Amino acid sequence: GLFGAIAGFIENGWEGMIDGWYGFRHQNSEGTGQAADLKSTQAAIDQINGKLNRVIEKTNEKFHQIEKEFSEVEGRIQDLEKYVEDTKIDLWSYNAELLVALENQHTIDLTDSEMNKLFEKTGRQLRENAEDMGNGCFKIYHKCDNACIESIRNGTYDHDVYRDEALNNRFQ
Amino acid sequence: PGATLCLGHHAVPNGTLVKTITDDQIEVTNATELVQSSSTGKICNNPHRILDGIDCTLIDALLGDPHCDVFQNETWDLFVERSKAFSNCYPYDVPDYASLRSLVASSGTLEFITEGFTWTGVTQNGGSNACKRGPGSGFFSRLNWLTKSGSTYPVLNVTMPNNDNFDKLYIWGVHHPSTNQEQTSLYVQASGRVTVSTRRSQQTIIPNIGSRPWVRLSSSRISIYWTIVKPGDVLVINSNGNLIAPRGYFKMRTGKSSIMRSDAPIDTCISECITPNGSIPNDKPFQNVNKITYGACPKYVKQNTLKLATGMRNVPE
Ligand SMILES: *[C@@H]1O[C@H](CO)[C@@H](O[C@@H]2O[C@H](CO)[C@@H](O[C@@H]3O[C@H](CO)[C@@H](O)[C@H](O)[C@@H]3O)[C@H](O)[C@H]2NC(C)=O)[C@H](O)[C@H]1NC(C)=O
Ligand SMILES: *[C@@H]1O[C@H](CO)[C@@H](O[C@@H]2O[C@H](CO)[C@@H](O)[C@H](O)[C@H]2NC(C)=O)[C@H](O)[C@H]1NC(C)=O
Ligand SMILES: *[C@@H]1O[C@H](CO)[C@@H](O)[C@H](O)[C@H]1NC(C)=O
Ligand SMILES: *[C@@H]1O[C@H](CO)[C@@H](O)[C@H](O)[C@H]1NC(C)=O
């Protein structure tokens with residue numbers, strides 16, 4: 001996509017993550033673990049539901065119309081009836097083709113955007129206590145137990161608490 | 001000493017292919033189908049009033065071919081003509097058949113009001129072995145075949161005013177005998193004439209004597225015409241022979257009625273959208289079942305499938 005997260009600096013997706021669309025894997029002293037982020041997941045889903053529901057808004061009801069199949073050859077009037085319907089079908093077919101192409105291009109870009117936004121938000125929580133390894137992982141330069149990890153994931157992590165500890169580890 | 005926090009996104013083993021502006025195939029986690037491409041093969045009996053013509057065309061039910069008498073005064077939202085339909089009365093044609101069929105289909109009713117026409121000096125209720133009704137000879141129920149009384153057919157000249165607040169549709173015709181003997185034998189005059197008029201319009205038809213192909217016992221034909229008479233206007237019928245007279249008028253409506261050719265059976269379900277192939281659901285915005293539709297329907301497109309992505313790009317190991 002336009003943001004270079006999905007199929008970009010994040011090498012691949014996780015078939016393992018079944019509880020959401022975006023999230024976190026960690027390794028600390030206490031081992032490994034995985035958890036989905038709800039806000040990012042929900043923002044993508046809401047956007048996709050929105051377009052889905054706009055696209056499937058029922059908006060066509062027609063009753064008496066022109067004839068479209070004919071049992072006899074007639075000439076001019078029939079040629080025009082067929083041409084009118086053929087013109088209409090080609091225009092609607094074009095509309096349907098373009099609609100999905102545009103929508104799908106946008107769906108890919110917005111999901112890529114959400115990945116990237118979560119990554120930048122996380123980097124901003126961590127301030128000077130971590131560094132971007134270049135592959136969608138942050139190297140955290142301090143003791144970060146499962147209470148500390150949970151605090152990053154839920155938006156409460158206070159960077160001052162660990163700044164001294166981590167500034168030391170970064171420049172030594 | 002330190003920790004790692006890795007950001008990622010989900011993926012699935014079972015991806016779906018979609019098109020974009022740049023790629024004609026790319027795998028996403030999920031997608032939904034926007035083209036309805038199938039039907040159960042049945043026309044749902046609700047919520048639209050469906051009238052199955054069975055063996056009868058709409059025109060034959062209008063005119064009143066005896067095997068179509070069950071359709072007298074019928075109404076419909078959608079009239080269904082079957083390919084097995086057949087005529088079994090006097091052989092006829094309708095100049096501009098398609099237009100009469102259309103206007104009647106669209107009116108949505110065969111409500112017929114008999115009026116007290118006076119046909120002075122002629123024999124009424126003519127019939128033919130071509131149009132059996134019970135065991136004996138007969139005719140179209142809504143038409144009145146006039147012939148000589150004794151040895152004369154006088155100039156008929158009648159009026160019927162529209163004092164109602166709706167439009168009246170009159171169906172009438174002209175008989176085209178196969179020989180001069182037949183002509184004179186039925187109408188006395190060597191050449192007939194029918195003039196039907198209102199204040200606004202006039203039609204004059206001259207019959208044409210000659211053989212046509214033998215169909216259901218007859219080389220002769222009837223040609224069917226129609227006249228609409230608006231509130232406050234008047235019908236005048238003038239003929240010195242060959243008039244197939246109206247018995248009254250059909251009541252005209254405007255509304256959402258139509259007609260469809262189909263051999264699909266009618267069954268018990270609910271569907272807003274009807275095609276000749278059967279009813280189809282209308283949750284999707286497009287359909288590839290049939291360009292002919294009635295009701296709240298997806299729009300017909302040429303593609304049999306169009307997938308809308310409902311998830312991100314699927315990137316597995
Ligand atoms: C055949 O039938 C038609 C319809 O009944 C006849 O038309 C009528 O002809 C008379 C004249 O003989 C018209 O009379 C005029 O009526 C107006 C009323 O507005 C009056 O002001 C005049 O002084 C005059 O009396 C009559 O209006 C007309 N009827 C209609 C409905 O227009 C026709 O005369 C008949 N023809 C034959 C040859 O029998
Ligand atoms: C709906 O019915 C029509 C026929 O009444 C089907 O259309 C035909 O399809 C084949 C190609 O698969 C062609 O040989 C015919 O010429 C088509 N007819 C017309 C008028 O286009 C159609 O396949 C049916 N669709 C479904 C889903 O049942
Ligand atoms: C994905 O789409 C299909 C139908 O197109 C739907 O039935 C299914 O529930 C959806 N699954 C998810 C996980 O969104
Ligand atoms: C048709 O409708 C009219 C009233 O609108 C009625 O007088 C007439 O008898 C009906 N005919 C039949 C055959 O049901």
# chains A, B, ... in the order shown; residues from 1 in each chain; ligands from 1
call {"tool": "closest_atom_pairs", "arguments": {"of": "chain A", "to": "ligand 2", "cutoff": "10 Å", "atoms": "only C-alpha atoms and all ligand atoms", "output": "CSV"}}
result
residue,atom,partner,partner_atom_place_in_ligand_line,distance
A:68,CA,ligand 2,20 (C),8.7
A:69,CA,ligand 2,20 (C),6.8
A:70,CA,ligand 2,20 (C),9.5
call {"tool": "write_last_selection", "arguments": {"atoms": "C-alpha atoms", "output": "PDB file, in the first residue's frame"}}
result
ATOM      1  CA  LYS A  68     -35.875  -7.000 -24.496  1.00  0.00           C
ATOM      2  CA  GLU A  69     -36.343 -10.281 -26.401  1.00  0.00           C
ATOM      3  CA  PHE A  70     -38.158 -10.594 -29.704  1.00  0.00           C
TER       4      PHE A  70
END
call {"tool": "residues_around", "arguments": {"residues": "stretch 137-139 of chain A", "least_positions_apart": "6", "cutoff": "7 Å", "atoms": "only C-alpha atoms", "output": "PyMOL selection string"}}
result
(chain A and resi 130-131) or (chain B and resi 3-7)
call {"tool": "write_last_selection", "arguments": {"atoms": "N, CA, C and O atoms", "output": "PDB file, in the first residue's frame"}}
result
ATOM      1  N   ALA A 130      12.983   3.544  23.581  1.00  0.00           N
ATOM      2  CA  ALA A 130      13.058   2.455  22.604  1.00  0.00           C
ATOM      3  C   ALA A 130      13.511   2.939  21.235  1.00  0.00           C
ATOM      4  O   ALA A 130      13.528   4.145  20.974  1.00  0.00           O
ATOM      5  N   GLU A 131      13.894   1.991  20.380  1.00  0.00           N
ATOM      6  CA  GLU A 131      14.316   2.292  19.011  1.00  0.00           C
ATOM      7  C   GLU A 131      13.623   1.367  18.004  1.00  0.00           C
ATOM      8  O   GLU A 131      13.381   0.184  18.277  1.00  0.00           O
TER       9      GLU A 131
ATOM     10  N   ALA B   3      13.770  -5.563  26.402  1.00  0.00           N
ATOM     11  CA  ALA B   3      12.606  -6.282  25.848  1.00  0.00           C
ATOM     12  C   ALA B   3      12.357  -5.882  24.379  1.00  0.00           C
ATOM     13  O   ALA B   3      12.792  -4.807  23.924  1.00  0.00           O
ATOM     14  N   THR B   4      11.610  -6.727  23.663  1.00  0.00           N
ATOM     15  CA  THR B   4      11.136  -6.431  22.312  1.00  0.00           C
ATOM     16  C   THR B   4       9.606  -6.431  22.222  1.00  0.00           C
ATOM     17  O   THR B   4       8.946  -7.301  22.764  1.00  0.00           O
ATOM     18  N   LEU B   5       9.069  -5.437  21.515  1.00  0.00           N
ATOM     19  CA  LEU B   5       7.652  -5.349  21.198  1.00  0.00           C
ATOM     20  C   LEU B   5       7.484  -5.266  19.690  1.00  0.00           C
ATOM     21  O   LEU B   5       7.881  -4.275  19.069  1.00  0.00           O
ATOM     22  N   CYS B   6       6.880  -6.304  19.111  1.00  0.00           N
ATOM     23  CA  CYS B   6       6.671  -6.405  17.666  1.00  0.00           C
ATOM     24  C   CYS B   6       5.222  -6.136  17.285  1.00  0.00           C
ATOM     25  O   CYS B   6       4.307  -6.755  17.827  1.00  0.00           O
ATOM     26  N   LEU B   7       5.034  -5.192  16.361  1.00  0.00           N
ATOM     27  CA  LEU B   7       3.727  -4.864  15.807  1.00  0.00           C
ATOM     28  C   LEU B   7       3.503  -5.751  14.595  1.00  0.00           C
ATOM     29  O   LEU B   7       4.434  -6.043  13.829  1.00  0.00           O
TER      30      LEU B   7
END
call {"tool": "residues_near_ligand", "arguments": {"ligand": "ligand 1", "cutoff": "8 Å", "atoms": "only C-alpha atoms and all ligand atoms", "output": "CSV table (one decimal) with C-alpha atoms, in the first residue's frame"}}
result
chain,number,residue,atom,x,y,z
B,157,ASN,CA,-74.7,5.0,-36.4
B,158,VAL,CA,-74.4,4.9,-32.6
B,159,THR,CA,-73.0,7.1,-29.8
B,161,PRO,CA,-70.7,9.2,-24.1
B,234,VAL,CA,-67.8,10.6,-26.7
B,236,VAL,CA,-69.2,7.3,-32.2
B,237,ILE,CA,-69.3,4.1,-34.3
B,238,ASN,CA,-70.5,4.3,-37.9
call {"tool": "residues_near_ligand", "arguments": {"ligand": "ligand 3", "cutoff": "8 Å", "atoms": "only C-alpha atoms and all ligand atoms", "output": "list in words"}}
result
residues 30, 31, 32, 33, 310 and 311 of chain B
call {"tool": "write_last_selection", "arguments": {"atoms": "C-alpha atoms", "output": "mmCIF file, in the first residue's frame"}}
result
data_model
loop_
_atom_site.group_PDB
_atom_site.id
_atom_site.type_symbol
_atom_site.label_atom_id
_atom_site.label_comp_id
_atom_site.auth_asym_id
_atom_site.auth_seq_id
_atom_site.Cartn_x
_atom_site.Cartn_y
_atom_site.Cartn_z
ATOM 1 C CA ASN B 30 -12.038 -11.798 2.940
ATOM 2 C CA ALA B 31 -14.437 -10.570 0.304
ATOM 3 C CA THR B 32 -18.106 -10.451 -0.502
ATOM 4 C CA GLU B 33 -19.836 -11.151 -3.816
ATOM 5 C CA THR B 310 -13.800 -6.808 3.202
ATOM 6 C CA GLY B 311 -10.346 -7.259 4.701
#
call {"tool": "residues_around", "arguments": {"residues": "stretch 240-248 of chain B", "least_positions_apart": "4", "cutoff": "6 Å", "atoms": "only C-alpha atoms", "output": "list in words"}}
result
residues 113, 114, 115, 142, 143, 144, 145, 155, 171, 172, 173, 174, 175, 187, 192 and 193 of chain B
call {"tool": "closest_atom_pairs", "arguments": {"of": "chain B", "to": "ligand 4", "cutoff": "6 Å", "atoms": "only C-alpha atoms and all ligand atoms", "output": "tab-separated table"}}
result
residue	atom	partner	partner_atom_place_in_ligand_line	distance
B:72	CA	ligand 4	13 (C)	5.4
B:73	CA	ligand 4	1 (C)	5.0
B:111	CA	ligand 4	2 (O)	5.4
B:112	CA	ligand 4	1 (C)	5.2
B:113	CA	ligand 4	3 (C)	5.4
call {"tool": "residues_around", "arguments": {"residues": "residue B:284", "least_positions_apart": "5", "cutoff": "9 Å", "atoms": "only C-alpha atoms", "output": "MDAnalysis selection string"}}
result
(chainID A and resid 55:58) or (chainID B and resid 33:36 297:298)
call {"tool": "write_last_selection", "arguments": {"atoms": "C-alpha atoms", "output": "PDB file, in the first residue's frame"}}
result
ATOM      1  CA  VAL A  55     -22.383  -0.277  -1.860  1.00  0.00           C
ATOM      2  CA  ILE A  56     -25.318  -2.598  -0.948  1.00  0.00           C
ATOM      3  CA  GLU A  57     -27.900   0.187  -0.387  1.00  0.00           C
ATOM      4  CA  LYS A  58     -30.951  -1.037  -2.327  1.00  0.00           C
TER       5      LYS A  58
ATOM      6  CA  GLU B  33     -19.836 -11.151  -3.816  1.00  0.00           C
ATOM      7  CA  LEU B  34     -21.711  -8.243  -5.470  1.00  0.00           C
ATOM      8  CA  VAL B  35     -23.256 -10.140  -8.428  1.00  0.00           C
ATOM      9  CA  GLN B  36     -26.268 -12.358  -7.876  1.00  0.00           C
ATOM     10  CA  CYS B 297     -33.901  -5.690  -8.396  1.00  0.00           C
ATOM     11  CA  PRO B 298     -30.138  -5.609  -8.603  1.00  0.00           C
TER      12      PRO B 298
END
call {"tool": "interface_residues", "arguments": {"of": "chain A", "to": "chain B", "cutoff": "7 Å", "atoms": "only C-alpha atoms", "output": "PDB file with N, CA and C atoms, in the first residue's frame"}}
result
ATOM      1  N   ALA A   7       3.005  -5.823   3.878  1.00  0.00           N
ATOM      2  CA  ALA A   7       3.864  -6.285   2.780  1.00  0.00           C
ATOM      3  C   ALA A   7       5.016  -5.324   2.523  1.00  0.00           C
ATOM      4  N   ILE A  10       6.743  -4.626   7.545  1.00  0.00           N
ATOM      5  CA  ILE A  10       6.276  -5.819   8.228  1.00  0.00           C
ATOM      6  C   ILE A  10       6.229  -6.965   7.212  1.00  0.00           C
ATOM      7  N   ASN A  12       5.399 -10.036   6.999  1.00  0.00           N
ATOM      8  CA  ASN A  12       4.190 -10.818   6.782  1.00  0.00           C
ATOM      9  C   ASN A  12       3.170 -10.659   7.889  1.00  0.00           C
ATOM     10  N   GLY A  13       1.998 -11.241   7.649  1.00  0.00           N
ATOM     11  CA  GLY A  13       0.937 -11.330   8.646  1.00  0.00           C
ATOM     12  C   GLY A  13       1.118 -12.524   9.561  1.00  0.00           C
ATOM     13  N   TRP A  14       0.263 -12.594  10.566  1.00  0.00           N
ATOM     14  CA  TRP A  14       0.277 -13.656  11.552  1.00  0.00           C
ATOM     15  C   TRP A  14      -1.007 -14.481  11.430  1.00  0.00           C
ATOM     16  N   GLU A  15      -0.899 -15.692  10.903  1.00  0.00           N
ATOM     17  CA  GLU A  15      -2.050 -16.590  10.856  1.00  0.00           C
ATOM     18  C   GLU A  15      -2.513 -16.896  12.282  1.00  0.00           C
ATOM     19  N   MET A  17      -2.823 -14.841  14.878  1.00  0.00           N
ATOM     20  CA  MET A  17      -3.666 -13.846  15.555  1.00  0.00           C
ATOM     21  C   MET A  17      -5.124 -13.938  15.133  1.00  0.00           C
ATOM     22  N   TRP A  21      -7.319  -7.819  14.162  1.00  0.00           N
ATOM     23  CA  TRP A  21      -6.690  -7.580  12.848  1.00  0.00           C
ATOM     24  C   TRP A  21      -5.254  -7.076  12.959  1.00  0.00           C
ATOM     25  N   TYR A  22      -4.986  -6.321  14.020  1.00  0.00           N
ATOM     26  CA  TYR A  22      -3.683  -5.771  14.306  1.00  0.00           C
ATOM     27  C   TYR A  22      -3.326  -6.099  15.746  1.00  0.00           C
ATOM     28  N   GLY A  23      -2.036  -6.166  16.052  1.00  0.00           N
ATOM     29  CA  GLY A  23      -1.636  -6.356  17.441  1.00  0.00           C
ATOM     30  C   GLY A  23      -0.152  -6.475  17.711  1.00  0.00           C
ATOM     31  N   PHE A  24       0.146  -7.021  18.888  1.00  0.00           N
ATOM     32  CA  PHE A  24       1.479  -7.006  19.470  1.00  0.00           C
ATOM     33  C   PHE A  24       1.954  -8.430  19.779  1.00  0.00           C
ATOM     34  N   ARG A  25       3.204  -8.735  19.413  1.00  0.00           N
ATOM     35  CA  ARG A  25       3.961  -9.875  19.962  1.00  0.00           C
ATOM     36  C   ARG A  25       5.167  -9.333  20.729  1.00  0.00           C
ATOM     37  N   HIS A  26       5.476  -9.937  21.878  1.00  0.00           N
ATOM     38  CA  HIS A  26       6.622  -9.506  22.694  1.00  0.00           C
ATOM     39  C   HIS A  26       7.494 -10.662  23.158  1.00  0.00           C
ATOM     40  N   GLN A  27       8.737 -10.317  23.497  1.00  0.00           N
ATOM     41  CA  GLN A  27       9.628 -11.171  24.282  1.00  0.00           C
ATOM     42  C   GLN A  27      10.276 -10.335  25.400  1.00  0.00           C
ATOM     43  N   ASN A  28      10.122 -10.809  26.637  1.00  0.00           N
ATOM     44  CA  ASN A  28      10.754 -10.207  27.811  1.00  0.00           C
ATOM     45  C   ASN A  28      11.397 -11.317  28.658  1.00  0.00           C
ATOM     46  N   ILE A  48     -14.678  -0.479   6.754  1.00  0.00           N
ATOM     47  CA  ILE A  48     -15.039  -1.476   5.769  1.00  0.00           C
ATOM     48  C   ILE A  48     -16.533  -1.755   5.800  1.00  0.00           C
ATOM     49  N   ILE A  56     -24.136  -1.705  -0.896  1.00  0.00           N
ATOM     50  CA  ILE A  56     -25.318  -2.598  -0.948  1.00  0.00           C
ATOM     51  C   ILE A  56     -26.634  -1.906  -0.569  1.00  0.00           C
ATOM     52  N   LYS A  58     -29.991  -0.685  -1.266  1.00  0.00           N
ATOM     53  CA  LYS A  58     -30.951  -1.037  -2.327  1.00  0.00           C
ATOM     54  C   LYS A  58     -31.482   0.258  -2.916  1.00  0.00           C
ATOM     55  N   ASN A  60     -32.841   0.388  -6.582  1.00  0.00           N
ATOM     56  CA  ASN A  60     -33.331   0.161  -7.930  1.00  0.00           C
ATOM     57  C   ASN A  60     -34.634  -0.613  -7.839  1.00  0.00           C
ATOM     58  N   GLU A  61     -35.727   0.002  -8.272  1.00  0.00           N
ATOM     59  CA  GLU A  61     -37.024  -0.627  -8.376  1.00  0.00           C
ATOM     60  C   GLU A  61     -37.684  -0.167  -9.676  1.00  0.00           C
ATOM     61  N   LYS A  62     -37.954  -1.106 -10.570  1.00  0.00           N
ATOM     62  CA  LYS A  62     -38.539  -0.829 -11.878  1.00  0.00           C
ATOM     63  C   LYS A  62     -39.698  -1.766 -12.146  1.00  0.00           C
ATOM     64  N   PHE A  63     -40.717  -1.252 -12.800  1.00  0.00           N
ATOM     65  CA  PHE A  63     -41.913  -2.016 -13.043  1.00  0.00           C
ATOM     66  C   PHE A  63     -42.080  -2.214 -14.537  1.00  0.00           C
ATOM     67  N   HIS A  64     -43.021  -1.563 -15.191  1.00  0.00           N
ATOM     68  CA  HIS A  64     -43.184  -1.753 -16.627  1.00  0.00           C
ATOM     69  C   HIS A  64     -42.027  -1.085 -17.385  1.00  0.00           C
ATOM     70  N   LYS A  68     -37.289  -6.721 -24.321  1.00  0.00           N
ATOM     71  CA  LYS A  68     -35.875  -7.000 -24.496  1.00  0.00           C
ATOM     72  C   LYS A  68     -35.523  -8.276 -25.249  1.00  0.00           C
ATOM     73  N   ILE A  89     -26.569  -1.728 -20.345  1.00  0.00           N
ATOM     74  CA  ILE A  89     -25.853  -2.827 -19.722  1.00  0.00           C
ATOM     75  C   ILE A  89     -24.344  -2.579 -19.736  1.00  0.00           C
ATOM     76  N   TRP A  92     -23.598   0.128 -17.074  1.00  0.00           N
ATOM     77  CA  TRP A  92     -23.683  -0.409 -15.713  1.00  0.00           C
ATOM     78  C   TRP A  92     -22.569  -1.406 -15.428  1.00  0.00           C
ATOM     79  N   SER A  93     -22.215  -2.231 -16.415  1.00  0.00           N
ATOM     80  CA  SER A  93     -21.113  -3.185 -16.247  1.00  0.00           C
ATOM     81  C   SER A  93     -19.810  -2.440 -15.960  1.00  0.00           C
ATOM     82  N   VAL A 100     -15.740  -1.641  -7.823  1.00  0.00           N
ATOM     83  CA  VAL A 100     -14.990  -2.576  -7.005  1.00  0.00           C
ATOM     84  C   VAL A 100     -13.482  -2.291  -7.056  1.00  0.00           C
ATOM     85  N   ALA A 101     -12.955  -1.989  -8.235  1.00  0.00           N
ATOM     86  CA  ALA A 101     -11.540  -1.657  -8.368  1.00  0.00           C
ATOM     87  C   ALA A 101     -11.157  -0.496  -7.453  1.00  0.00           C
ATOM     88  N   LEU A 102     -11.927   0.594  -7.483  1.00  0.00           N
ATOM     89  CA  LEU A 102     -11.654   1.757  -6.627  1.00  0.00           C
ATOM     90  C   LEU A 102     -11.801   1.418  -5.163  1.00  0.00           C
ATOM     91  N   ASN A 104     -11.646  -1.533  -3.694  1.00  0.00           N
ATOM     92  CA  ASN A 104     -10.649  -2.492  -3.248  1.00  0.00           C
ATOM     93  C   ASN A 104      -9.268  -1.859  -3.106  1.00  0.00           C
ATOM     94  N   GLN A 105      -8.893  -0.989  -4.040  1.00  0.00           N
ATOM     95  CA  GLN A 105      -7.670  -0.195  -3.899  1.00  0.00           C
ATOM     96  C   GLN A 105      -7.668   0.571  -2.578  1.00  0.00           C
ATOM     97  N   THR A 107      -9.527  -0.072   0.144  1.00  0.00           N
ATOM     98  CA  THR A 107      -9.551  -0.982   1.288  1.00  0.00           C
ATOM     99  C   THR A 107      -8.131  -1.422   1.643  1.00  0.00           C
ATOM    100  N   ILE A 108      -7.325  -1.702   0.623  1.00  0.00           N
ATOM    101  CA  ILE A 108      -5.943  -2.083   0.839  1.00  0.00           C
ATOM    102  C   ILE A 108      -5.156  -0.931   1.461  1.00  0.00           C
ATOM    103  N   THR A 111      -6.282  -0.218   5.290  1.00  0.00           N
ATOM    104  CA  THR A 111      -5.802  -1.230   6.230  1.00  0.00           C
ATOM    105  C   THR A 111      -4.303  -1.130   6.459  1.00  0.00           C
ATOM    106  N   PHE A 119       1.646   1.563  14.646  1.00  0.00           N
ATOM    107  CA  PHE A 119       3.088   1.604  14.785  1.00  0.00           C
ATOM    108  C   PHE A 119       3.608   2.984  15.234  1.00  0.00           C
ATOM    109  N   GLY A 136       9.157  -3.345  12.062  1.00  0.00           N
ATOM    110  CA  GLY A 136       7.949  -3.363  12.855  1.00  0.00           C
ATOM    111  C   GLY A 136       8.130  -3.851  14.283  1.00  0.00           C
ATOM    112  N   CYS A 137       9.375  -3.911  14.777  1.00  0.00           N
ATOM    113  CA  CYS A 137       9.646  -4.211  16.190  1.00  0.00           C
ATOM    114  C   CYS A 137      10.398  -3.069  16.853  1.00  0.00           C
ATOM    115  N   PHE A 138      10.023  -2.800  18.099  1.00  0.00           N
ATOM    116  CA  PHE A 138      10.714  -1.834  18.933  1.00  0.00           C
ATOM    117  C   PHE A 138      11.643  -2.589  19.886  1.00  0.00           C
ATOM    118  N   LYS A 139      12.931  -2.228  19.896  1.00  0.00           N
ATOM    119  CA  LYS A 139      13.827  -2.674  20.960  1.00  0.00           C
ATOM    120  C   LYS A 139      13.618  -1.738  22.149  1.00  0.00           C
ATOM    121  N   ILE A 140      13.101  -2.298  23.246  1.00  0.00           N
ATOM    122  CA  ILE A 140      12.884  -1.561  24.483  1.00  0.00           C
ATOM    123  C   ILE A 140      14.112  -1.754  25.366  1.00  0.00           C
ATOM    124  N   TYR A 141      14.729  -0.647  25.777  1.00  0.00           N
ATOM    125  CA  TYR A 141      15.979  -0.691  26.532  1.00  0.00           C
ATOM    126  C   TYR A 141      15.750  -0.611  28.052  1.00  0.00           C
ATOM    127  N   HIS A 142      14.850  -1.440  28.579  1.00  0.00           N
ATOM    128  CA  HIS A 142      14.681  -1.562  30.023  1.00  0.00           C
ATOM    129  C   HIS A 142      13.976  -2.850  30.444  1.00  0.00           C
ATOM    130  N   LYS A 143      13.964  -3.109  31.753  1.00  0.00           N
ATOM    131  CA  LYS A 143      13.181  -4.199  32.327  1.00  0.00           C
ATOM    132  C   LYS A 143      11.698  -3.909  32.074  1.00  0.00           C
ATOM    133  N   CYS A 144      11.040  -4.796  31.334  1.00  0.00           N
ATOM    134  CA  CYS A 144       9.638  -4.626  30.982  1.00  0.00           C
ATOM    135  C   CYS A 144       8.926  -5.964  31.169  1.00  0.00           C
TER     136      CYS A 144
END
call {"tool": "select_by_dssp", "arguments": {"residues": "chain A", "states": "strand (DSSP E or B)", "output": "PyMOL selection string"}}
result
chain A and resi 6+10+14+22-28+31-36+61-62+130-132+137-140
call {"tool": "write_last_selection", "arguments": {"atoms": "C-alpha atoms", "output": "PDB file, in the first residue's frame"}}
result
ATOM      1  CA  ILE A   6       1.693  -4.268   5.182  1.00  0.00           C
ATOM      2  CA  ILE A  10       6.276  -5.819   8.228  1.00  0.00           C
ATOM      3  CA  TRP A  14       0.277 -13.656  11.552  1.00  0.00           C
ATOM      4  CA  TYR A  22      -3.683  -5.771  14.306  1.00  0.00           C
ATOM      5  CA  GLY A  23      -1.636  -6.356  17.441  1.00  0.00           C
ATOM      6  CA  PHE A  24       1.479  -7.006  19.470  1.00  0.00           C
ATOM      7  CA  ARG A  25       3.961  -9.875  19.962  1.00  0.00           C
ATOM      8  CA  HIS A  26       6.622  -9.506  22.694  1.00  0.00           C
ATOM      9  CA  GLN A  27       9.628 -11.171  24.282  1.00  0.00           C
ATOM     10  CA  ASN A  28      10.754 -10.207  27.811  1.00  0.00           C
ATOM     11  CA  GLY A  31       8.780 -15.293  27.929  1.00  0.00           C
ATOM     12  CA  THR A  32       6.514 -14.601  24.938  1.00  0.00           C
ATOM     13  CA  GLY A  33       2.909 -13.564  24.341  1.00  0.00           C
ATOM     14  CA  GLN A  34       0.499 -12.124  21.787  1.00  0.00           C
ATOM     15  CA  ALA A  35      -2.515  -9.773  21.980  1.00  0.00           C
ATOM     16  CA  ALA A  36      -4.733  -7.959  19.489  1.00  0.00           C
ATOM     17  CA  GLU A  61     -37.024  -0.627  -8.376  1.00  0.00           C
ATOM     18  CA  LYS A  62     -38.539  -0.829 -11.878  1.00  0.00           C
ATOM     19  CA  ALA A 130      13.058   2.455  22.604  1.00  0.00           C
ATOM     20  CA  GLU A 131      14.316   2.292  19.011  1.00  0.00           C
ATOM     21  CA  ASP A 132      12.741   1.238  15.701  1.00  0.00           C
ATOM     22  CA  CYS A 137       9.646  -4.211  16.190  1.00  0.00           C
ATOM     23  CA  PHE A 138      10.714  -1.834  18.933  1.00  0.00           C
ATOM     24  CA  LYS A 139      13.827  -2.674  20.960  1.00  0.00           C
ATOM     25  CA  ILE A 140      12.884  -1.561  24.483  1.00  0.00           C
TER      26      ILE A 140
END
call {"tool": "closest_residue", "arguments": {"among": "B:228, B:205, B:146, B:50", "to": "residue B:126", "atoms": "only C-alpha atoms"}}
result
B:146
call {"tool": "closest_residue", "arguments": {"among": "A:109, A:150, A:155, A:160", "to": "residue A:47", "atoms": "only C-alpha atoms"}}
result
A:109
call {"tool": "residues_around", "arguments": {"residues": "residue B:188", "least_positions_apart": "2", "cutoff": "8 Å", "atoms": "only C-alpha atoms", "output": "PyMOL selection string"}}
result
chain B and resi 148+151-153+183-186+190+241
call {"tool": "write_last_selection", "arguments": {"atoms": "C-alpha atoms", "output": "PDB file, in the first residue's frame"}}
result
ATOM      1  CA  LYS B 148     -77.733  -8.723 -41.626  1.00  0.00           C
ATOM      2  CA  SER B 151     -81.970  -9.216 -46.209  1.00  0.00           C
ATOM      3  CA  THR B 152     -80.603  -5.803 -45.169  1.00  0.00           C
ATOM      4  CA  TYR B 153     -77.692  -4.353 -43.197  1.00  0.00           C
ATOM      5  CA  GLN B 183     -69.074 -10.648 -47.847  1.00  0.00           C
ATOM      6  CA  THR B 184     -72.527 -10.208 -49.436  1.00  0.00           C
ATOM      7  CA  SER B 185     -73.966 -13.235 -47.622  1.00  0.00           C
ATOM      8  CA  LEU B 186     -73.129 -11.653 -44.198  1.00  0.00           C
ATOM      9  CA  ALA B 190     -70.269  -5.502 -51.651  1.00  0.00           C
ATOM     10  CA  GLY B 241     -70.807  -3.590 -42.795  1.00  0.00           C
TER      11      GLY B 241
END
call {"tool": "atom_distance", "arguments": {"atom1": "atom CA of residue B:150", "atom2": "atom CA of residue B:127"}}
result
17.2 Å
call {"tool": "atom_distance", "arguments": {"atom1": "atom CA of residue B:204", "atom2": "atom CA of residue B:223"}}
result
12.5 Å
call {"tool": "closest_residue", "arguments": {"among": "A:172, A:135, A:153, A:65", "to": "residue A:11", "atoms": "only C-alpha atoms"}}
result
A:135
call {"tool": "closest_residue", "arguments": {"among": "A:133, A:166, A:44, A:18", "to": "residue A:115", "atoms": "only C-alpha atoms"}}
result
A:44
